[PDB]
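Below: one structure, written as structure tokens.
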Amino acid sequence: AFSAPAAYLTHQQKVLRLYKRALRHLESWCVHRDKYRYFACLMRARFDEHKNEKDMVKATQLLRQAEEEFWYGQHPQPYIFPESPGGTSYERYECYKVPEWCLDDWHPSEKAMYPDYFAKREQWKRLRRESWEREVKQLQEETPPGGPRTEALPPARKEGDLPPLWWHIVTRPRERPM
Amino acid sequence: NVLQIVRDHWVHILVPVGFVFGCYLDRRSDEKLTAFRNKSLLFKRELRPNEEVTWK
Amino acid sequence: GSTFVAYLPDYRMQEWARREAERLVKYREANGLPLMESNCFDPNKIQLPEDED
Amino acid sequence: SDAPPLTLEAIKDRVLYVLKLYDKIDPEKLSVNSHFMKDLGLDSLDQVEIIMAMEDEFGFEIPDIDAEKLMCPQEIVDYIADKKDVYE
Amino acid sequence: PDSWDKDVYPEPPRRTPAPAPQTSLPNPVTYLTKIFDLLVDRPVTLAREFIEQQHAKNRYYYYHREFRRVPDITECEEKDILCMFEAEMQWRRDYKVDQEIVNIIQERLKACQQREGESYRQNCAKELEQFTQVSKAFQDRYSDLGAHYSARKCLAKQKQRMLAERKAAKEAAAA
Amino acid sequence: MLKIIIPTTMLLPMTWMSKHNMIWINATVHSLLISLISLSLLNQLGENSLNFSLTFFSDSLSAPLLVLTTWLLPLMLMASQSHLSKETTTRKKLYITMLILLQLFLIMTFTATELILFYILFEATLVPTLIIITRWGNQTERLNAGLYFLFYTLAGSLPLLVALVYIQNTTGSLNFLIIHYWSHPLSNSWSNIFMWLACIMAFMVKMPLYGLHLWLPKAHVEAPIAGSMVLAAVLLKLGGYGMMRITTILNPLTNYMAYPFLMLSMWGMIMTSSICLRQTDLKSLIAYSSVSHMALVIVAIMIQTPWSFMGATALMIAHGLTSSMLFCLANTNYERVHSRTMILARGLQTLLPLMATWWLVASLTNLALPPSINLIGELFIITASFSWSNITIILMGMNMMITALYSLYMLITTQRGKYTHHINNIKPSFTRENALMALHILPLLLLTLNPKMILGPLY
Amino acid sequence: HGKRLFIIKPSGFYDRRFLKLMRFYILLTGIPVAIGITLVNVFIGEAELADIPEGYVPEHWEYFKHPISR
Ligand SMILES: CCCCCCCCCCCCCCCCC[C@@H](O)O[C@H](CO[C@H](O)CCCCCCCCCCCCCCC)COP(=O)(O)OCC[N+](C)(C)C
Ligand SMILES: CCCCCCCCCCCCCCCCC[C@@H](O)O[C@H](CO[C@H](O)CCCCCCCCCCCCCCC)COP(=O)(O)OCC[N+](C)(C)C
Ligand SMILES: CCCCCCCC/C=C/CCCCCCCC(=O)OC[C@H](COP(=O)(O)OCCN)OC(=O)CCCCCCC/C=C/CCCCCCCC
Ligand SMILES: CCCCCCCCCCCC(=O)SCCNC(=O)CCNC(=O)[C@H](O)C(C)(C)COP(=O)(O)O
């Protein structure tokens with residue numbers, strides 16, 4: 001989720017993803033641990049048989065054919081972690097995620113409470129104002145001509161520099177704000 | 001301060017003056033529809049010892 | 001305004017109608033009359049046109 | 001909830017625990033910064049099985065794109081700390 | 001209570017059985033209702049007495065309005081607007097009175113259905129027939145007039161019904 | 001009746017002689033006082049009417065509409081106070097003058113003992129609305145919307161004047177009282193058919209009827225907040241009032257005549273409620289919901305039974321208040337976002353909780369939740385239609401379901417979910433806006449305690 | 001444990017202020033009205049139906065029961 005995506009998925013990426021999906025769905029099928037371990041090792045062994053195959057056409061024939069088998073026995077109700085995109089608590093706490101700039105709209109009587117927090121916030125705002133002005137030039141000079149080719153950002157290269165476009169990545173609300 | 005706040009707050013008096021004027025005009029227009037006063041079949045009534053009109 | 005609307009006098013005559021109906025039914029039951037009549041107006045004062053067809 | 005506020009020490013301890021119960025690695029040779037491909041001679045399938053164990057240990061599953069480019073216990077701990085917003 | 005007439009809304013004598021304790025165990029209902037009386041009914045009763053003596057210290061009366069009888073729409077000329085106005089007002093008042101009469105009969109029916117409980121199908125035949133009769137009468141007078149109803153429309157409906165009745169009677173006699 | 005009219009006229013010199021920074025304060029206070037004065041008219045009789053004079057009378061159909069018309073002006077002033085801040089004093093005074101003139105025309109329209117006076121004022125209300133729409137409008141299509149609104153109305157109403165003058169030439173009077181007492185049946189003739197059409201289509205266009213409803217989305221979307229409020233709350237009810245007043249002469253021709261309209265409205269409520277489901281605009285969605293409600297009111301008036309009339313009156317009042325509240329909420333969102341599209345600003349409940357509560361209450365009262373007067377009118381009209389025909393309920397059923405859907409849809413798209421990350425100019429809701437919503441919503445929940453006060457003359 | 005973290009939330013000052021103002025004004029007018037209604041009901045109210053004396057005609061406001069209505 002954090003890393004930028006690639007222009008495509010290689011054959012080894014596809015086989016690894018298929019291995020991951022198949023092993024997760026077999027764990028969903030095999031509730032008990034010993035049965036799952038035995039069948040997972042049997043599946044791993046079966047998987048490793050075609051490991052040294054060099055024919056690309058044959059390589060294409062492998063896995064895609066397996067994918068059809070995976071689709072046939074894909075356990076229509078697989079196990080999903082609670083916070084995963086299919087879990088029962090996927091977006092439970094998105095309603096508690098309040099943006100940071102909202103604090104700029106607080107009444108002064110409210111800002112009277114928590115003064116140290118707002119002082120540190122002012123220091124953060126100063127740092128952002130300087131760093132963004134540096135980052136604009138840094139990204140303008142480092143970006144390839146004709147526009148970027150991959151949505152990955154370069155790190156900071158000087159001493160006082162900060163990572164470009166950092167304000168909204170560092171200032172995430174929290175995973176569980178309340 | 002009187003004679004100073006008046007020049008700025010004189011406008012407020014207008015709506016109530018319009019209301020009392022409208023009430024007076026309503027009564028005056030009412031005064032012209034008395035042709036059937038104390039003459040309706042449902043309310044023929046004999047006047048009181050010190051009464052001149054049933055309603056004004 | 002809500003208080004004024006709540007305590008508006010009975011110009012719709014609902015309690016008046018209830019008392020009128022109460023007195024009327026009290027009288028009708030005693031006389032043995034059959035409650036409310038089918039005809040809204042007395043037929044003796046209605047002059048139908050004779051058909052002769 | 002009543003969940004203790006887990007820290008970096010606890011995360012790293014549990015990571016190394018899971019890795020030492022991985023019998024394909026002898027415990028006395030691994031380290032915090034030890035690589036998976038070269039320092040331990042593990043297959044890519046072994047790495048994704050390590051990812052399986054991590055996901056089943058911490059109760060959350062890592063996306064495949066991030067998982068496939070995790071080769072050290074230290075960077076795995078750093079990633080999971082970033083996900084869980086760990087202070088110290 | 002004297003607030004309402006007993007003949008208009010009749011009620012049975014309301015015979016009630018006597019307590020027959022077949023066991024020596026003290027039932028909770030009697031003690032519970034006694035403590036309820038002591039803690040609730042007495043303070044409410046004294047508050048009511050205070051309010052009643054406060055009311056008696058100031059006394060005033062209001063009188064039910066009485067209306068004269070006015071010639072109806074049948075004693076009105078075809079274009080004479082004053083008598084038609086008076087007749088329309090009288091007809092509307094009579095319509096309101098009939099609505100209240102039907103309301104009273106429906107109240108009687110509902111009270112019977114609740115009071116006689118499980119044997120409501122037999123012990124409320126009198127009220128059912130009473131409501132059937134009054135509903136038949138009321139429906140004949142005003143059912144199809146609709147919105148913008150008037151005394152003239154009601155009179156026309158009555159005339160149509162009575163010509164139909166007269167034709168039916170003549171045909172039956174001459175059958 | 002002049003005790004209400006004269007203060008409304010005096011509102012103009014008071015506004016124009018006001019200090020440059022005291023117009024809003026003076027206008028709101030005196031408008032609220034005039035509204036309080038209007039409350040006296042509510043105490044109606046079961047007898048004929050409140051005939052004040054030869055020119056004006058009151059009725060329990062006219063009294064709730066008059067009270068609502070008077071109450072709407074302070075709300076419109078408070079809503080307009082925001083976006084007219086950077087505006088010269090003369091033009092703000094002109095805006096207030098136009099609002100006052102609109103109120104005066106509506107007040108004289110609703111009493112109107114005579115039909116030609118009613119028509120004159122009914123069409124006099126058109127000019128201030130047109131000027132408000134085409135002058136203080138944001139987009140470039142306000143001119144086209146004003147043209148549509150003017151010409152639909154005039155095309156509908158020009159035959160009405162000819163029909164009225166013909167009716168006076170034949171009968172001899174256009175007075176409401178005389179017409180009611182001297183009503184005579186209309187023979188089923190081609191000339192009578194066209195007279196019926198001329199008498200009905202003018203009020204049908206302003207409801208508006210499903211076939212003729214195009215002007216309304218344009219006029220509502222392009223008008224300012226005060227214009228939208230006055231269009232949705234009062235101006236749509238003029239057609240219903242006119243139909244209820246003029247239908248007496250029409251019988252017995254209405255039964256045969258009513259079928260094209262009954263079918264158009266019963267299918268158009270479904271069509272517009274379904275259109276509401278796929279909309280990218282708040283204002284258009286509210287406009288189509290208004291069209292559906294007024295189609296139901298058309299059905300109620302055309303059935304022409306007592307329960308139909310009571311339901312139509314209650315539904316008109318409830319819809320006026322609810323639609324004004326909905327437009328106010330949409331305008332509060334727009335003044336922050338400047339986009340007026342639902343899908344852009346999302347998750348506003350997290351940022352504005354009290355405003356989200358107001359949204360919930362408005363959507364619930366638009367949904368016709370009992371025992372609100374919205375459902376009172378809904379149920380009375382539905383029962384009358386069922387007595388008219390046992391099949392109508394099916395259509396009505398669909399309508400209810402669809403209504404609820406889009407209502408909650410509008411509640412879910414803008415208030416629930418995740419707030420858009422980029423928008424950062426969402427400031428806390430002002431006291432003025434919260435007061436506006438409270439003053440919109442409290443009368444509904446007060447009126448549900450006394451429904452007979454808005455059930456019309458056939459109660 | 002001293003792990004008290006800061007809770008970022010929108011400013012509720014204005015909503016609370018509006019609610020307090022609305023309650024204050026509504027009560028400011030309703031409490032006197034409620035007190036007056038209670039005093040009228042307890043002390044003066046609840047007239048009881050009578051018969052019109054012969055030769056006397058009542059005034060228009062004497063046909064109502066509640067004193068406030070009269
Ligand atoms: C914040 C959380 C809650 C705190 C508050 C708790 C207290 C809750 C109590 C509030 C409501 C709960 C229900 C209690 C109801 C008791 C009062 C009720 O009985 O009075 C009603 C009275 O209410 C009024 O009838 C309705 C209000 C009037 C509405 C007019 C609107 C106000 C004008 C503003 C402009 C209009 C805009 C819209 C144009 C149409 C009904 O009276 P009614 O049974 O009949 O007879 C009264 C006695 N008589 C016989 C002597 C006459
Ligand atoms: C576009 C969005 C909606 C706009 C509004 C639409 C609503 C207005 C439509 C008007 C409804 C019908 C008008 C006339 C209805 C009369 C009844 C007729 O349809 O039934 C038969 C009539 O037969 C035929 O219909 C004759 C008329 C045929 C010519 C009419 C054109 C038909 C389609 C045109 C529709 C276009 C409307 C819009 C124009 C711009 C009955 O036969 P008959 O017993 O002999 O006549 C009885 C009437 N009498 C007693 C007066 C003699
Ligand atoms: C969409 C609205 C519905 C339109 C339905 C029909 C559209 C097609 C009609 C186009 C216009 C036709 C113009 C000529 C119509 C002639 C009708 C007529 O003359 O009847 C007048 C009739 C009797 O005539 P006399 O000679 O005086 O009687 C003596 C012998 N009995 O008297 C009247 O009732 C006068 C009333 C004026 C009739 C109205 C004419 C216009 C059409 C009716 C309105 C319908 C269109 C409304 C437009 C909708 C836009 C929102
Ligand atoms: C319960 C649901 C049922 C699911 C059905 C699943 C079907 C399983 C059977 C599929 C058979 C196959 O192996 S699919 C055959 C696909 N072709 C190849 O595997 C050729 C070269 N292999 C690679 O390149 C890999 O990456 C590898 C070397 C293994 C590791 O790589 P690392 O060194 O970079 O970790």
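As shown in the structure tokens, the chain order sets the letters A, B, ...; within each chain, residues go from 1, and ligands are also counted from 1 in the order they appear.
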Quiz item: Please, which residues have at least one atom within 6 Å of an atom of ligand 1, using only C-alpha atoms and all ligand atoms, listed as a ChimeraX atom specification?
Solution: /C:1-2,5-7 /F:64,67-68,71,443,446-447,449-450 /G:66
Quiz prompt | Within-8 Å residues of ligand 4, basis only C-alpha atoms and all ligand atoms, as a PyMOL selection string | solution = (chain A and resi 11-13+15-16+18-19+21-26+29+43+46-56+58-75) or (chain D and resi 43-47)
Given the selection you just returned, output its residues as a file containing N, CA and C atoms, formatted as a tab-separated table (two decimals), in the first residue's frame.
chain	number	residue	atom	x	y	z
A	11	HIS	N	6.44	-12.72	-14.13
A	11	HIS	CA	5.98	-14.10	-13.96
A	11	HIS	C	6.19	-14.57	-12.52
A	12	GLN	N	7.34	-14.23	-11.93
A	12	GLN	CA	7.61	-14.66	-10.56
A	12	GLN	C	6.70	-13.95	-9.56
A	13	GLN	N	6.38	-12.67	-9.80
A	13	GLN	CA	5.41	-11.99	-8.95
A	13	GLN	C	4.05	-12.68	-9.02
A	15	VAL	N	3.43	-15.86	-9.80
A	15	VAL	CA	3.45	-17.18	-9.16
A	15	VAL	C	3.47	-17.02	-7.64
A	16	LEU	N	4.19	-16.02	-7.13
A	16	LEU	CA	4.20	-15.79	-5.69
A	16	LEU	C	2.83	-15.37	-5.18
A	18	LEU	N	-0.07	-16.09	-6.59
A	18	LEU	CA	-0.92	-17.28	-6.66
A	18	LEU	C	-0.63	-18.23	-5.51
A	19	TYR	N	0.65	-18.40	-5.15
A	19	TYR	CA	1.01	-19.22	-4.00
A	19	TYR	C	0.39	-18.66	-2.73
A	21	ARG	N	-2.33	-16.69	-2.40
A	21	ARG	CA	-3.78	-16.86	-2.40
A	21	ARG	C	-4.17	-18.31	-2.16
A	22	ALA	N	-3.47	-19.24	-2.82
A	22	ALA	CA	-3.79	-20.66	-2.66
A	22	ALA	C	-3.53	-21.13	-1.24
A	23	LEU	N	-2.43	-20.68	-0.63
A	23	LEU	CA	-2.13	-21.11	0.73
A	23	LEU	C	-3.13	-20.53	1.72
A	24	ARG	N	-3.52	-19.27	1.53
A	24	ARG	CA	-4.54	-18.68	2.40
A	24	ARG	C	-5.87	-19.40	2.27
A	25	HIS	N	-6.26	-19.75	1.04
A	25	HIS	CA	-7.55	-20.42	0.85
A	25	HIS	C	-7.50	-21.86	1.34
A	26	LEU	N	-6.34	-22.51	1.27
A	26	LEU	CA	-6.21	-23.84	1.85
A	26	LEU	C	-6.26	-23.79	3.37
A	29	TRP	N	-9.77	-23.59	4.12
A	29	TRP	CA	-10.38	-24.90	3.99
A	29	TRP	C	-10.01	-25.81	5.16
A	43	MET	N	1.27	-29.13	-0.85
A	43	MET	CA	1.09	-28.15	-1.92
A	43	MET	C	2.40	-27.45	-2.27
A	46	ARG	N	4.41	-29.86	-4.40
A	46	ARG	CA	3.86	-29.93	-5.74
A	46	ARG	C	4.27	-28.72	-6.55
A	47	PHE	N	4.27	-27.56	-5.89
A	47	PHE	CA	4.64	-26.27	-6.48
A	47	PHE	C	6.10	-26.20	-6.93
A	48	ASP	N	6.99	-26.77	-6.12
A	48	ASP	CA	8.43	-26.77	-6.38
A	48	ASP	C	8.91	-27.67	-7.52
A	49	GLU	N	8.05	-28.57	-7.98
A	49	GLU	CA	8.39	-29.50	-9.05
A	49	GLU	C	8.75	-28.80	-10.37
A	50	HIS	N	8.05	-27.73	-10.69
A	50	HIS	CA	8.26	-26.99	-11.93
A	50	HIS	C	9.17	-25.77	-11.76
A	51	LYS	N	9.86	-25.71	-10.63
A	51	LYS	CA	10.74	-24.59	-10.31
A	51	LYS	C	11.91	-24.36	-11.28
A	52	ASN	N	12.57	-25.42	-11.75
A	52	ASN	CA	13.70	-25.21	-12.64
A	52	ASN	C	13.31	-25.19	-14.11
A	53	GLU	N	12.02	-25.17	-14.42
A	53	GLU	CA	11.58	-25.12	-15.81
A	53	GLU	C	12.03	-23.83	-16.47
A	54	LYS	N	12.59	-23.96	-17.68
A	54	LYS	CA	13.12	-22.82	-18.42
A	54	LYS	C	12.25	-22.39	-19.58
A	55	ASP	N	11.31	-23.21	-20.03
A	55	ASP	CA	10.54	-22.79	-21.20
A	55	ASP	C	9.52	-21.73	-20.82
A	56	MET	N	9.65	-20.56	-21.44
A	56	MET	CA	8.74	-19.45	-21.17
A	56	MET	C	7.31	-19.77	-21.58
A	58	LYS	N	6.07	-22.75	-21.77
A	58	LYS	CA	5.69	-23.74	-20.76
A	58	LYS	C	5.42	-23.03	-19.44
A	59	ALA	N	6.23	-22.02	-19.12
A	59	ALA	CA	6.07	-21.24	-17.90
A	59	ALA	C	4.72	-20.53	-17.92
A	60	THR	N	4.32	-20.01	-19.08
A	60	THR	CA	3.02	-19.38	-19.24
A	60	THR	C	1.91	-20.42	-19.06
A	61	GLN	N	2.15	-21.63	-19.57
A	61	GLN	CA	1.20	-22.74	-19.46
A	61	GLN	C	0.98	-23.10	-18.00
A	62	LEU	N	2.06	-23.08	-17.21
A	62	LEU	CA	2.02	-23.32	-15.77
A	62	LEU	C	1.43	-22.09	-15.06
A	63	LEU	N	0.88	-22.27	-13.86
A	63	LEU	CA	0.25	-21.19	-13.05
A	63	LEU	C	-1.11	-20.67	-13.56
A	64	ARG	N	-1.21	-20.27	-14.84
A	64	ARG	CA	-2.46	-19.83	-15.44
A	64	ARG	C	-3.45	-20.99	-15.41
A	65	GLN	N	-2.96	-22.19	-15.74
A	65	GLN	CA	-3.75	-23.42	-15.67
A	65	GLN	C	-4.11	-23.69	-14.20
A	66	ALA	N	-3.14	-23.44	-13.32
A	66	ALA	CA	-3.31	-23.58	-11.87
A	66	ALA	C	-4.35	-22.59	-11.36
A	67	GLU	N	-4.36	-21.39	-11.94
A	67	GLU	CA	-5.29	-20.33	-11.57
A	67	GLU	C	-6.72	-20.78	-11.80
A	68	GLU	N	-6.97	-21.49	-12.90
A	68	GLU	CA	-8.30	-22.03	-13.15
A	68	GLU	C	-8.64	-23.03	-12.05
A	69	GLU	N	-7.68	-23.87	-11.66
A	69	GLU	CA	-7.90	-24.82	-10.58
A	69	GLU	C	-8.16	-24.07	-9.28
A	70	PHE	N	-7.37	-23.02	-9.03
A	70	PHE	CA	-7.58	-22.21	-7.83
A	70	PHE	C	-8.97	-21.60	-7.83
A	71	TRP	N	-9.41	-21.08	-8.98
A	71	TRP	CA	-10.75	-20.49	-9.06
A	71	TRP	C	-11.84	-21.53	-8.80
A	72	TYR	N	-11.62	-22.78	-9.22
A	72	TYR	CA	-12.63	-23.81	-8.98
A	72	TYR	C	-12.77	-24.14	-7.50
A	73	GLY	N	-11.67	-24.15	-6.76
A	73	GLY	CA	-11.69	-24.56	-5.37
A	73	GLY	C	-11.31	-23.45	-4.41
A	74	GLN	N	-11.85	-22.25	-4.64
A	74	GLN	CA	-11.39	-21.04	-3.97
A	74	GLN	C	-12.12	-20.75	-2.66
A	75	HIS	N	-12.85	-21.73	-2.11
A	75	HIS	CA	-13.52	-21.58	-0.82
A	75	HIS	C	-14.38	-20.33	-0.77
D	43	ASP	N	14.72	-19.48	0.07
D	43	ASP	CA	14.00	-19.29	-1.17
D	43	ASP	C	13.00	-18.14	-1.03
D	44	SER	N	12.55	-17.63	-2.18
D	44	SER	CA	11.49	-16.62	-2.18
D	44	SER	C	10.20	-17.19	-1.59
D	45	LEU	N	9.91	-18.46	-1.90
D	45	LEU	CA	8.77	-19.12	-1.27
D	45	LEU	C	8.94	-19.18	0.24
D	46	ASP	N	10.17	-19.41	0.71
D	46	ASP	CA	10.42	-19.37	2.15
D	46	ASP	C	10.15	-17.98	2.71
D	47	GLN	N	10.49	-16.94	1.95
D	47	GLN	CA	10.22	-15.57	2.40
D	47	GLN	C	8.72	-15.31	2.50
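Minimum distance to chain A across F:431, F:8, F:415, F:274 (counting only C-alpha atoms) occurs at F:415.
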Exercise. Residues of chain A near chain G: apply a cut-off of 10 Å, count only C-alpha atoms, and supply the list as JSON, numbers by chain.
Key: {"A": [96, 97, 98, 99, 100, 101, 102, 103, 104, 105, 106, 107, 108, 109, 110, 111, 114, 117, 173, 174, 177, 178]}
Practice problem: Find the residues near range 47-52 of chain B: any atom within 12 Å, counting only C-alpha atoms, skip ones fewer than 5 places away on the same chain, and give them as a count of residues only. | Solution: 7
Quiz prompt | Nearby residues (only C-alpha atoms) at most 9 Å from residue 153 in chain F, same-chain spacing under 6 positions excluded, as JSON, numbers by chain | solution = {"F": [123, 126, 202, 203, 205, 206]}
Okay, now the selection with N, CA, C and O atoms, as an mmCIF file, in the first residue's frame?
data_model
loop_
_atom_site.group_PDB
_atom_site.id
_atom_site.type_symbol
_atom_site.label_atom_id
_atom_site.label_comp_id
_atom_site.auth_asym_id
_atom_site.auth_seq_id
_atom_site.Cartn_x
_atom_site.Cartn_y
_atom_site.Cartn_z
ATOM 1 N N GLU F 123 -50.358 36.608 -11.030
ATOM 2 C CA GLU F 123 -49.364 36.904 -12.050
ATOM 3 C C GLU F 123 -48.445 38.057 -11.669
ATOM 4 O O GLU F 123 -47.378 38.204 -12.273
ATOM 5 N N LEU F 126 -45.065 37.079 -10.277
ATOM 6 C CA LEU F 126 -44.104 36.578 -11.251
ATOM 7 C C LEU F 126 -42.910 37.507 -11.439
ATOM 8 O O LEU F 126 -41.786 37.027 -11.622
ATOM 9 N N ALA F 202 -53.689 26.436 -16.104
ATOM 10 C CA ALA F 202 -52.877 27.497 -15.514
ATOM 11 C C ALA F 202 -52.372 27.105 -14.132
ATOM 12 O O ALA F 202 -51.206 27.344 -13.797
ATOM 13 N N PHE F 203 -53.236 26.517 -13.308
ATOM 14 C CA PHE F 203 -52.793 26.031 -12.008
ATOM 15 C C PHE F 203 -52.018 24.728 -12.126
ATOM 16 O O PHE F 203 -51.187 24.425 -11.262
ATOM 17 N N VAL F 205 -49.775 24.043 -14.416
ATOM 18 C CA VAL F 205 -48.400 24.279 -14.853
ATOM 19 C C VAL F 205 -47.510 24.676 -13.677
ATOM 20 O O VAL F 205 -46.306 24.390 -13.671
ATOM 21 N N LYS F 206 -48.075 25.334 -12.664
ATOM 22 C CA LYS F 206 -47.285 25.817 -11.537
ATOM 23 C C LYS F 206 -47.082 24.791 -10.431
ATOM 24 O O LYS F 206 -46.297 25.051 -9.515
#
Practice problem: Pick out the residues no farther than 8 Å from ligand 2, counting only C-alpha atoms and all ligand atoms, and list them as a ChimeraX atom specification. | Solution: /F:188-193,197,201,209-212,256-257,259-261,264
Take the residues from that selection and write them out as an mmCIF file, in the first residue's frame, keeping C-alpha atoms.
data_model
loop_
_atom_site.group_PDB
_atom_site.id
_atom_site.type_symbol
_atom_site.label_atom_id
_atom_site.label_comp_id
_atom_site.auth_asym_id
_atom_site.auth_seq_id
_atom_site.Cartn_x
_atom_site.Cartn_y
_atom_site.Cartn_z
ATOM 1 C CA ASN F 188 -70.479 17.602 -21.170
ATOM 2 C CA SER F 189 -69.818 19.766 -24.235
ATOM 3 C CA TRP F 190 -66.761 20.584 -26.323
ATOM 4 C CA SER F 191 -66.960 24.251 -25.327
ATOM 5 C CA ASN F 192 -67.281 23.205 -21.685
ATOM 6 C CA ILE F 193 -64.341 20.819 -22.137
ATOM 7 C CA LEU F 197 -58.977 22.959 -19.716
ATOM 8 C CA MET F 201 -54.053 24.177 -16.988
ATOM 9 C CA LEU F 209 -47.614 18.673 -13.639
ATOM 10 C CA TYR F 210 -45.225 15.917 -14.736
ATOM 11 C CA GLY F 211 -45.530 16.835 -18.408
ATOM 12 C CA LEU F 212 -44.949 20.550 -17.719
ATOM 13 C CA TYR F 256 -64.226 12.427 -17.115
ATOM 14 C CA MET F 257 -61.730 15.259 -17.461
ATOM 15 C CA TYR F 259 -58.134 10.939 -16.053
ATOM 16 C CA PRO F 260 -55.331 12.348 -18.207
ATOM 17 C CA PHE F 261 -54.023 14.331 -15.221
ATOM 18 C CA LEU F 264 -49.778 11.746 -15.588
#
Practice problem: Step one, run DSSP on the backbone; step two, keep only residues of range 6-160 of chain E assigned to alpha helix (DSSP H); then write them as a VMD selection string. | Solution: chain E and resid 28 to 36 42 to 56 81 to 115 120 to 123 125 to 142 151 to 160
